[PDB]
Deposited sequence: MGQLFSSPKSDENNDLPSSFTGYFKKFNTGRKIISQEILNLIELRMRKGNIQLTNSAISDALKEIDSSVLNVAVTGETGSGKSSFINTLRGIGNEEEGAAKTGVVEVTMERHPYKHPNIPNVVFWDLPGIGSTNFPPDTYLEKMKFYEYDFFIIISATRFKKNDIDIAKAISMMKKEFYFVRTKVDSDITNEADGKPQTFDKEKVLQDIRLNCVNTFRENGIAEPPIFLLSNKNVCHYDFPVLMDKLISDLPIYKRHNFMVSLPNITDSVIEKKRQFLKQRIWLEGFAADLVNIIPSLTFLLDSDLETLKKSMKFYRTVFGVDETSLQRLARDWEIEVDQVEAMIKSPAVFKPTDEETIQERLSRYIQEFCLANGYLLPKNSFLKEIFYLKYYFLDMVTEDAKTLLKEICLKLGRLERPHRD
């Protein structure tokens, strides 16, 4: 009801698995706001943001040759096996070495292509030392069949390291085009695998069936969703904005994480008692806003580049695509209206639709209502295009 509750209350609308900050740290903050420690209150918030931003993710991807490591690594990086920078390493092995692949627009996220353990005379242990297992947040164990012994021995060596690991069963689509002229045809895969684990002295483990081709029609949505949950809270935000924008819910989950960061930021910069109006912009604020808009656009796959490589796929004109959404106009110069008049209208619209988000007479600075507005605009666009991207399919 008062400010301290308003601050932590904002996070109530996000279930445990989608919080960008821990409930313990949140209470420690509300606590300081109540004890009257402006030092530690702005300090706490500030460190939580620094730790959230500076988080570096390192995903190890392992498995036999042709299991699907390259395509998985590319699918998460949101790029085609052909596109520039794609992890087009079928049977590299011109070096039985570990290969790193950064995320195109979201650095801090790095996938590692690990040479199958069966391509080296290294025992389950020696292998992970050379591969530097200690450098990874989690492991993606990929298998085409129903997993081999090697896969289990790796997991065992990994769990003995307190590290996370996930069993991903790829090529399911390539196993459906052999039973058509889905149903329990999946149970099969789900069974062979479960029988392999029950064959290597381990309880039944979670398994994620999926096709790199049909990027979002199986356990893929559940996996990505699970990776985020299992990640230490502070590591969530950076890996979440990097995931592929496959479903509305994925887009939405991204907005929810980003809404939370805008909130933490607004409070860090200090609340004000003057109603937002943007009567005077300021060049430093305009530059910040321009970067925020650019970032969000990248994250939701609606930036300039992404729109270009979307027109050639529809044989339409870039400008034609841009007209389909609203995010690209915001900073598009016009003789008819100033960027100030426009931004001013944005704030007014926003606050009339959402209120000020805080108790009476307390408001975030103008720049943050704007950042929320841009966030809504950009997520809607993503859902717009994505939607149109689904009509023109192959079925």
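- Note: segments 1-13, 195-201, 416-422 of the deposited sequence have no C-alpha coordinates in the structure.
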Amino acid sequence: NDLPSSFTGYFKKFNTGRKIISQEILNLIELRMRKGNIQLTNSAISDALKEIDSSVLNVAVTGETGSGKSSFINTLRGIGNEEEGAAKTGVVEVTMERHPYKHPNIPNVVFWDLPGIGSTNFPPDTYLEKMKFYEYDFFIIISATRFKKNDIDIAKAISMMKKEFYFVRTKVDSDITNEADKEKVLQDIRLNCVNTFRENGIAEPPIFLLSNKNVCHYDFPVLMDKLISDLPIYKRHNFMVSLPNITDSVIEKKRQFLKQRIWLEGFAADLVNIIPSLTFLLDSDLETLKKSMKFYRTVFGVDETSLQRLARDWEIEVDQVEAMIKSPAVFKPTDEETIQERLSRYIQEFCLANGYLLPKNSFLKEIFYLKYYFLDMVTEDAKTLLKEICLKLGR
From here on, numbers count along this sequence of modelled residues.
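- Of the two segments examined, 63-71 and 45-53, it is 63-71 that shows the higher average Cα temperature factor in the deposited entry.
- For the segment pair 323-331 and 357-365, the entry gives 323-331 the higher mean B-factor, averaged over Cα atoms.
- Across the residues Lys132, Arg236, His217, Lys254, the deposited record lists the maximum Cα B factor for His217.
- Considering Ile117, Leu223, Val109, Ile140 together, the PDB entry gives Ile117 the largest C-alpha B factor.
- Split the chain's modelled residues into thirds by C-alpha temperature factor. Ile38 is in the highest one.
- When all modelled residues of the chain are sorted by CA temperature factor, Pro206 is found within the middle third.
- Among the modelled residues of the chain, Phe167 sits in the middle third by CA temperature factor in this PDB entry.
- Annotation for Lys371: C-alpha temperature factor in the lowest third relative to the rest of the modelled chain, per the entry.
- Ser174: CA B factor lies in the highest third for its chain, per the PDB record.
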